[PDB]
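What follows is one chain in structure tokens, specifically the form deposited in one PDB entry.
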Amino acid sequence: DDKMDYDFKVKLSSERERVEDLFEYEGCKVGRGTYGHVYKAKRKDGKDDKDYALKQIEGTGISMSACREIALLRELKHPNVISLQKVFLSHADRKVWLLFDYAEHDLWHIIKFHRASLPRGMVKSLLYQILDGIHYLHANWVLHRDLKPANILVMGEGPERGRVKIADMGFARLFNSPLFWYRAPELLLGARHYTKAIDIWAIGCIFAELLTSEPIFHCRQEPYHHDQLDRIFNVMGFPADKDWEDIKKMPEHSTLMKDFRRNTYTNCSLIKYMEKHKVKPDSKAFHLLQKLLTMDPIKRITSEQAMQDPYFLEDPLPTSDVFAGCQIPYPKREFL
């Protein structure tokens, strides 16, 4: 600026850490999306040989999405939630870079490796840490809103070996407004707000996918999404009036009634679904899953109540290291 103090301007300019000086990353692009692009980085100085994730946030300046992600990540501190180590503000091009500890694995790749053909200690431990991390967020009135296997990172070799790191939270949603395999039925019937319950449904889906290796509500490419609802009912059955009294309050309930019939899904239930995928319906795992995958969101258990479930008191106990001291067979991330 021609009317900012010059001594102040050059001083800050002299002292400003620039991302290109501190870190080596050119050509190490590791993820790409409509929320900024991520790189596997190492420090140029030999201070430590650990890997970091550098995310360049899309667009110039500080957008609402940029703002709120920076705002919240700067406050949040919990072992199961991804940690902002540093924010670089590059003055020349007006790009923002966020530095994180690098997560070598994620549940999307872990599950896909197994599907290309999970120990039960590992499944329980994954679920527990997911629940621990979401519960933290929820206690601080932070919703995730885009929970799915690709957003559940898992740390590799290093001092946090096998710890879950929840990532990629939907920090900006205009007015908290949603207005599909992991989306709760209320969103599909036009729920006007994100809620703790919607995240929990998502965790139930992930737990079912961890037990079976198959997305429980897998569906082809399509607010209201008919075929995704058709799949929910093929697995769960069609909800009775008694199971979800407030379903009539949903904006798309009349559409649901026109499009679907109860007797279509008379054979269908979660018990029968899970039996096909070799999971016992009198196991603590199943009874927990069923509580997470409750259709009425006011009948869905909370993350805190899930952590208290006796499933986590049953042999085997959840472990901090999800890999339980065993060798990690899963391949290291491919560059994009």
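From 1 onward, residues are counted along the sequence shown.
The same protein has a further form, the form solved in complex with a small molecule, not shown here; the description that follows concerns it.
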property	result
Partner-contacting position among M236, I166, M250, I111 - heavy atom within 4.5 Å of the small molecule in the deposited bound form	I166
Single option in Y128, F100, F207, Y194 placed near the small molecule in the deposited bound form, where near means a heavy atom within 4.5 Å	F100
Close approach of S65 to the small molecule in the deposited bound form, 4.5 Å, heavy atom	yes
In the deposited bound form, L137 touching the small molecule (heavy atom, 4.5 Å)	yes
Any non-hydrogen atom of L76 within 4.5 angstroms of the small molecule in the deposited bound form	yes
Partner contact for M122 in the deposited bound form: the small molecule, 4.5 angstroms, heavy atom	no
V38, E69 and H144 all contacting the small molecule in the deposited bound form, non-hydrogen atom within 4.5 Å	yes
Which of 166-174, 185-193, 261-269, 211-219 lines the interface with the small molecule in the deposited bound form (heavy atom within 4.5 Å)	166-174
